[PDB]
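In: test case, fold it:
(chains A and B, ligands or ions: 6)
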Amino acid sequence: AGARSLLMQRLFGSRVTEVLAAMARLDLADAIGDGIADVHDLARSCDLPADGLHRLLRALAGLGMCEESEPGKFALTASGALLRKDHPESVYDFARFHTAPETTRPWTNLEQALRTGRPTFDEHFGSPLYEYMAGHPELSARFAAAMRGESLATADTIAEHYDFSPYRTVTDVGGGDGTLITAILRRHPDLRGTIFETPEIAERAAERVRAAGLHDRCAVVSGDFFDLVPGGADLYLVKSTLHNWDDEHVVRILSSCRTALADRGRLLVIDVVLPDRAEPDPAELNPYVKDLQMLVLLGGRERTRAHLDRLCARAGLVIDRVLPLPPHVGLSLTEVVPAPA
Amino acid sequence: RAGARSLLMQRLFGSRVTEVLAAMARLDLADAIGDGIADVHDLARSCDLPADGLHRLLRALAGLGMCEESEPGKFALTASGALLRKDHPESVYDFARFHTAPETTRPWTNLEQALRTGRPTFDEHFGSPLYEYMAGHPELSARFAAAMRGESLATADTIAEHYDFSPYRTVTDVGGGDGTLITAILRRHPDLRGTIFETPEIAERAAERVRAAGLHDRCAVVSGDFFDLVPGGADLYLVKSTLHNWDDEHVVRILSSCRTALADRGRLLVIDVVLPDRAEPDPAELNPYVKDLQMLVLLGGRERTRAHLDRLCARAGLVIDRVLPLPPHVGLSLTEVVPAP
Ligand SMILES: Nc1ncnc2c1ncn2[C@@H]1O[C@H](CSCC[C@H](N)C(=O)O)[C@@H](O)[C@H]1O
Ligand SMILES: Nc1ncnc2c1ncn2[C@@H]1O[C@H](CSCC[C@H](N)C(=O)O)[C@@H](O)[C@H]1O
Ligand SMILES: CCCCCC(=O)Nc1c2sscc-2[nH]c1=O
Ligand SMILES: CCCCCC(=O)Nc1c2sscc-2[nH]c1=O
Ligand SMILES: [Cl-]
Ligand code: NA
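Out: Residues are numbered from 1 along each chain as shown, chains lettered A, B, ... in the order given. Ligands and ions are numbered 1, 2, ... in the order given. Sure, structure below:
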């Protein structure tokens, strides 16, 4: 029963996603809100007949997103609640971004990406993903809130699983809207921070730093990590960034980080560390699905320890040590330092 | 908090999981790997992919439980993966290919429009109702026949242990496909005689299966239209995964044909999803609400409650005598239907 059931689960994933994508697109979590909503009331809220919306809501209830309390009356589960825009841990923008054509249409050509080793995004939309997003403000803002949604799991745990006490300054290279650094600064009140981001993402970081009340302890600057990373910090973070890039580009980024570490600086690579032998993984987001997403969108990849250490060696760096996060997060903390010779 | 988030992440990334499985099926990787351990460099030549590209796909497949990486670059199938072999007696290869084909997936890209209109999106995308289309496309017809065999194996294996066929001399399967259900029944009950009633194109697939099974001397194949009639004279009639293909008016017509054929001493066994009044999660290998939405987008059919089916029986001069369960992993029930007083 189990062997067949698992294959049936894998094969019918795309249809499950379309049900979830409809819930997010129709903003049904917000329409339902806290309490019990009548399907006839919800139908008028998003120009659908009652019968059709009832069948979608029955499906969402079967997939664990809603509960049918009485016939035609639905409430959100804890899972459905996370699609509310107003949820403190909202994954709404995460759901919209990963069900948007910009992240899904490149997967229709997964085969061609595997054959070429190059992303399919470019041919579908006319440019590399980051140039496209720099030119599409709505999607760039969606992207920033999506990486926030994903990073909450890591942000909530990183302080318990890494010792930040020895450091006075920390720079987050590709630090997004500052979700990671603000969590770290809130738990370490003597610590000062910098976010280094693209022009477009840095404006999101500025308003997050203000809203977090960290204006006096966290600087926000824009620049290009293919140029020089600003020097003199004791700790540099780089989270969910190296996996966006091929090996030649990762060497250039690590090279820029090496100049910035100088003598005393340490680099903390926050990313999936793939095992040498691939097996099922308890992480909330599958690391091998992450690998193939990075391929189709950006021409990046997830890496083993040995693989990343090889790229470190080309940048004049070495892996000191790899620290785990709780099994559900699926990211590790790779401590990287300059190579004596 | 943790569980609620994890389940939502599982639902959102189903479409990417399905693209990895679709790639495995399309590239015939299950066959290329076979019984043993296969090296990625050998498999790379068997499907015209570079080694790195294929290795990443196989590592994703290992992550999703479809195979195992015993040594770096060396892969074996799991129980789950082995069901995608064409040589497997319980193969779901054709089922996998059918449900990842444009003909079943493109209608899901307009799920919303189907919910709004209550009409299938298939017709707009391909130019005719699904059964018309398949009558005029022999390759998709043959794939469909093999697909339903794959689905029906779970019902076929269990139906004898959960229903007493001993009281009956003759059994007619109304829309019985390639004969998978009735050949399972006849193999377990040596004194039983059977008839498969199907469209002219599918009946050729059924006659092929019946001859290959050595059952020609107690299994006949008859073709026609169950809107016109069902072949009379049989003790037990079966109609499996068929009523859910049609709207209420069409179901009533099918059930009127069955009624005529039942006469006095005939009995009908409707084998289909029985939806509860309140939608909740289900341990079935195939989600019945996703079945509901597949029926909508492909055919404008639907899954139905007991009470709904009972009033459709009433309009045909039939009543539900009782409902019998199958093991929870199957997700279908056996509804006994008899002439009304
Ligand atoms: N050339 C470049 N210079 C600086 N930042 C860049 C860059 N190209 C991409 N980025 C940034 O790299 C980030 C990668 S996504 C990771 C964001 C954040 N660290 C998190 O884990 O949530 C994006 O925020 C993007 O804006
Ligand atoms: N007008 C018609 N007359 C008879 N059979 C029909 C029909 N229209 C469709 N069918 C058949 O009804 C079946 C529905 S699919 C179910 C097939 C089989 N009972 C199984 O469970 O595996 C198809 O095989 C299709 O060919
Ligand atoms: C199961 C797959 C989950 C994938 C999550 C994902 O894609 N993260 C992501 C993206 S999308 S564009 C740039 C980035 N950087 C990232 O870290
Ligand atoms: C996750 C649910 C998928 C259900 C599979 C499905 O729809 N089977 C099916 C089809 S496809 S065309 C005609 C039919 N008749 C059926 O019983
Ligand atoms: Cl200030
Ligand atoms: Na700095």
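
In: can you say which helix or strand has residue A:263 in it?
Out: Counting by DSSP states H and E, no helix or strand carries residue A:263.

In: got the contact list for it?
Out: Neighbouring residues of residue A:263 by Cβ atoms under 8 Å, 6 or more residues apart in numbering or on different chains: residue A:338. Every residue, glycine included, has its C-beta placed from N, CA and C.

In: kindly report the same for the one 5 residues further on.
Out: Contacts were defined as Cβ under 8 Å, 6+ apart; by that measure residue A:268 touches A:162, A:235, A:236, A:237, A:238, A:333, A:334, A:335, A:336.

In: and the last one, how far from residue A:306?
Out: As for residue A:336, its distance to residue A:306 is 14 Å (criterion: Cβ to Cβ, to the nearest Å).

In: put the buried members of the contacts of residue A:268 into a ChimeraX selection.
Out: In ChimeraX, a selection of the buried entries from these looks like this (16 or more other Cβ atoms under 10 Å in any protein chain shown):
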select /A:162,235,236,237,238,333,334,336
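
In: narrow the contacts of residue A:268 to those in helices?
Out: Counting by DSSP state H, none of the members of the contacts of residue A:268 fall within helices.

In: residue B:149 versus residue A:308, what's the distance?
Out: Applying Cβ to Cβ, the value for residue A:308 to residue B:149 is 47 Å.

In: of all residues in chain A, which one is closest to ligand 4?
Out: Per Cβ to the nearest ligand atom, residue A:12 is where chain A lies closest to ligand 4, at 4.3 Å.

In: got a list of what the closest residue to that residue other than its chain neighbours touches?
Out: Leaving aside its chain neighbours, residue A:12 sits nearest to residue B:290 (6.0 Å; criterion: Cβ to Cβ, 6 or more residues apart in numbering or on different chains). Contact analysis of residue B:290 by Cβ under 8 Å, 6+ apart lists A:12, A:15, A:16, A:19, A:59, A:62.

In: just the element for residue B:290, please.
Out: Residue B:290 belongs to helix B:288-299 when assigned by DSSP H and E.

In: any idea how far that helix is from the chain center?
Out: The chain centre lies 12 Å from the centre of helix B:288-299; the measure is Cα atoms, centre = their mean, to the nearest Å.

In: ok, stretch A:70-77 next?
Out: 31 Å.

In: same thing with stretch A:293-311?
Out: Distance of stretch A:293-311 from its chain centroid, counting by Cα atoms, centre = their mean, is 15 Å.

In: quick one: end-to-end distance for that stretch.
Out: For stretch A:293-311, the first and last residues are 21 Å from each other (Cα to Cα, to the nearest Å).

In: just stretch A:280-292 next, same as before
Out: 16 Å.

In: return the set of buried residues in it.
Out: Buried positions in stretch A:280-292, judged by neighbour count with 16+ other Cβ under 10 Å: A:281, A:283, A:284, A:285, A:286, A:287, A:288, A:289, A:290, A:291, A:292.

In: any chance of these in CSV with distance to residue B:81 as columns?
Out: Output for the buried residues of stretch A:280-292, formatted as CSV (distance: Cβ to Cβ, whole Å):
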residue, distance to residue B:81
A:281, 17
A:283, 21
A:284, 24
A:285, 22
A:286, 16
A:287, 19
A:288, 15
A:289, 17
A:290, 21
A:291, 19
A:292, 18
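
In: the residues you listed: which two are farthest apart?
Out: A:284 and A:292 (17.0 Å; Cβ to Cβ).

In: which residue ranges of chain A form strands?
Out: Using DSSP state E, the strands of chain A run over residues A:37-38, A:66-70, A:73-76, A:169-173, A:192-197, A:218-222, A:235-239, A:266-271, A:273-274, A:303-304, A:317-324, A:332-338.

In: contact residues of chain A facing ligand 3?
Out: With Cβ under 6 Å from any ligand atom as the criterion, chain A comes near ligand 3 at residues A:150, A:240, A:244, A:285, A:286, A:289, A:290, A:293, A:297.

In: redo these as CSV? Include distance to ligand 2.
Out: Below are the residues of chain A next to ligand 3 laid out as CSV (distance: Cβ to the nearest ligand atom, whole Å):
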residue, distance to ligand 2
A:150, 41
A:240, 45
A:244, 46
A:285, 36
A:286, 32
A:289, 32
A:290, 37
A:293, 36
A:297, 38
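
In: which two of the residues you listed have the greatest separation?
Out: A:244 and A:286 (17.3 Å).

In: ok, residue A:129 to residue A:5 distance?
Out: According to Cβ to Cβ, residue A:129 stands 36 Å off from residue A:5.

In: and the two? Which one has more around it.
Out: Set residue A:129 next to residue A:5 and count neighbours by other Cβ atoms under 10 Å in any protein chain shown: residue A:129 wins out with 22 against 15.

In: quick check: the gap between that one and residue A:291.
Out: Distance from residue A:129 to residue A:291, by Cβ to Cβ: 16 Å.

In: of the strands of chain A, which is nearest residue B:47?
Out: When those are compared (using Cβ to Cβ), the closest one is strand A:273-274, at 22.8 Å.

In: residues contacting residue A:190?
Out: By Cβ under 8 Å, 6+ apart, the contact set of residue A:190 is residue A:168.

In: follow-up on the earlier one: okay, the angle between the helix holding residue B:290 and strand B:267-272?
Out: 100 degrees (axes from the mean of the first three to the mean of the last three Cα atoms, to 10 degrees).
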